[PDB]
Amino acid sequence: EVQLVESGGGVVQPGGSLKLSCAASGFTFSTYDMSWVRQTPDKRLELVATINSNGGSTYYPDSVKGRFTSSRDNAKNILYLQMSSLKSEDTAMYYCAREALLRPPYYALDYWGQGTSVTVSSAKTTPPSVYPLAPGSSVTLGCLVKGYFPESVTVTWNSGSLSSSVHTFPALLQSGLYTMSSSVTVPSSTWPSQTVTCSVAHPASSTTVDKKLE
Amino acid sequence: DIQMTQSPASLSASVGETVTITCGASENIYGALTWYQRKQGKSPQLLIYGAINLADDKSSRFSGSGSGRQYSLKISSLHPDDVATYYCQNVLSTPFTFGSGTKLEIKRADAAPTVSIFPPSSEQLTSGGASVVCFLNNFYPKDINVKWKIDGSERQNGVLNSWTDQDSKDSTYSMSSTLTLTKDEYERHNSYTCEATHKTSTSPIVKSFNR
Numbered sequence: 037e038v039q040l041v042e043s044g045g046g047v048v049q050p051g052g053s054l055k056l057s058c059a060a061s062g063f064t065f066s067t068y069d070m071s072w073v074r075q076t077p078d079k080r081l082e083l084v085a086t087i088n089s090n091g092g093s094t095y096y097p098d099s100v101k102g103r104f105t106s107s108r109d110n111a112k113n114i115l116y117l118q119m120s121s122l123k124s125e126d127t128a129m130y131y132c133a134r135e136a137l138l139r140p141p142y143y144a145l146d147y148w149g150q151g152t153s154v155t156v157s158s159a160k161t162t163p164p165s166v167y168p169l170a171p172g173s174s175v176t177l178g179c180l181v182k183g184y185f186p187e188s189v190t191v192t193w194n195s196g197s198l199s200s201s202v203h204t205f206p207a208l209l210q211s212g213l214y215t216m217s218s219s220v221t222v223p224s225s226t227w228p229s230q231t232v233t234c235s236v237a238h239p240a241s242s243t244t245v246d247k248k249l250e
Numbered sequence: 051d052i053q054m055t056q057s058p059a060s061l062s063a064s065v066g067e068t069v070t071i072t073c074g075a076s077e078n079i080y081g082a083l084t085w086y087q088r089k090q091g092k093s094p095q096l097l098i099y100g101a102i103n104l105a106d107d108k109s110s111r112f113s114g115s116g117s118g119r120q121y122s123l124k125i126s127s128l129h130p131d132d133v134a135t136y137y138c139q140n141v142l143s144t145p146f147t148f149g150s151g152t153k154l155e156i157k158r159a160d161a162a163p164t165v166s167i168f169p170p171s172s173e174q175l176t177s178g179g180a181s182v183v184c185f186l187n188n189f190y191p192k193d194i195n196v197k198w199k200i201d202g203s204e205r206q207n208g209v210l211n212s213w214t215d216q217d218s219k220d221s222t223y224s225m226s227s228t229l230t231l232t233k234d235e236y237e238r239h240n241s242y243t244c245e246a247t248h249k250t251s252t253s254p255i256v257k258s259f260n261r
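Protein chains in written order, with this note's numbering: chain A, 37 to 250; chain B, 51 to 261.
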């Protein structure tokens, strides 16, 4: 099976550097041209680098040219992207993708990796504040999760038990930090009678809050 | 450079329905046009290359057409698992611009939102802040408006909204709206309302509390 596995993403400050790597297997890597494509938070796609089979020729759009360098290791079968002078607008999911061999030739990306996340920001890791949302035959409850960085909270209700009537609202960036919320709906007969808890986890700050609704 | 645009931005269709979406280029691109499919949470996948050629192992329910500036992706009979964002790419000459995508979603019956309002929590208030939250849950179709009032006058300042993607089990949409204020200003007014305007009623659905 063809596999492409990207790594080397992270969170950096404006002006910082990263080196992405994409390990390839299950095909003759040195035969194929390879690309890096990014997906920004607005869900738009942009080709950021292409390199030929042998590694001697590259192309970059003007958005990244002079800041990003692609290279490849045709022994161990690895594609690289050295990123420097990073800017907040470089925040994106970065994918490695293989260029199809077509005759006549078209640029077409036939295999893509899972991507690696890059965030460029002046923020530091910051734990969320977590606030319960309670009313004071069905009842809706929630948790407001406010002011955290980077954008990577998970919220579950009674440890995944309540699953099917949960809504998780996508995080918003405001003032350099993220905010999200989550709701659950349960029968009025089960609350306050049986306990409802929202468990909020934010790995970067080592924060787990199991908040009981009252 | 060549600019691309996709229409519509989002389309709802029934399972079994023939669907067509379109991509337009700023100049003739001579069939040098790729389509990708990106399912929620997953990497893009190649669907069509050279405007009309189906990628290996994709279903033949997909087809491409066009030439010149205008291109179409057709799905002969929509399946549930075709919900995705579809992107076109110009590959005539660099930069190889992507269109901004078309989201394909599923049709279902109309539903009015379930609206719930929440005062600031004691925990927040012990901190000096005051966030009032409104959820507008399980509605269809996706278009909706929310308006906050403080003692009957509209407030726009310090309102933030978030919208879910279509629910994978019931096909509804939901929205969360938060009005943030200082504890000091929250204390200057008694009545807090969120009003939801949606196609299912000519009147708004209005939920309220008094501090």
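Ideal Cβ positions, reconstructed from N, Cα and C, are used throughout, including at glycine.
{"Check": "Minimum C-alpha distance to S76/B - residue among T247/B, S143/B, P170/B and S172/B", "Outcome": "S143/B"}
{"Check": "Cβ pair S219/A, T176/A closer than 7 Å", "Outcome": "yes"}
{"Check": "Validate contact between the region 197 to 217 of chain A and the region 242 to 250 of chain A using beta carbons, cut 8 Å, 3 pairs", "Outcome": "no"}
{"Check": "Range covered by the beta strand (DSSP E) that runs through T247/B", "Outcome": "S241 to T247"}
{"Check": "C-beta neighbour in chain A for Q53/B, strict 7 Å", "Outcome": "no"}
{"Check": "Whole-Å CB distance - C138/B paired with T84/B, under 8 Å assumed", "Outcome": "7 Å"}
{"Check": "When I255/B, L97/B and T228/B are compared against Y147/A, the one with the closest alpha-carbon", "Outcome": "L97/B"}
{"Check": "Cα-Cα separation between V209/B and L229/B, rounded to whole angstroms", "Outcome": "5 Å"}
{"Check": "DSSP-derived helix/strand/coil call for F63/A", "Outcome": "coil"}
{"Check": "Near-chain B residues of the region 106 to 134 of chain A - C-beta to any C-beta below 9 Å", "Outcome": "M129, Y131 and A133"}
{"Check": "Below-7 Å beta-carbon distance, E204/B vs any chain A residue", "Outcome": "no"}
{"Check": "Identified DSSP bridge partners for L175/B", "Outcome": "For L175/B, which the question treats as bridged, DSSP gives no partner whatsoever."}
{"Check": "Chain-ordered neighbours of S200/A on chain B, where CB pairs are closer than 8 Å", "Outcome": "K219"}
{"Check": "Reference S166/B, options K157/B, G118/B, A159/B and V183/B, closest by Cα", "Outcome": "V183/B"}
{"Check": "Contact residues within the region 219 to 231 of chain A, judged by C-beta distance below 9 Å to chain B", "Outcome": "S219 and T221"}
{"Check": "N-terminal and C-terminal residue of the beta strand (DSSP E) that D246/A is part of", "Outcome": "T243 to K248"}
{"Check": "Selected residue, minimal CA-CA separation from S226/B, among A246/B, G179/B and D234/B", "Outcome": "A246/B"}
{"Check": "Where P223/A sits in the DSSP three-state scheme", "Outcome": "strand"}
{"Check": "Under 7 Å by beta carbon: chain A residues contacting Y190/B", "Outcome": "The premise fails here: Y190/B is roughly 14 Å from chain A at the closest Cβ pair, so nothing lies under 7 Å."}
{"Check": "Sequence-distant residues of its chain with Cβ nearer than 6 Å to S241/B (five each side left out)", "Outcome": "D201 and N260"}
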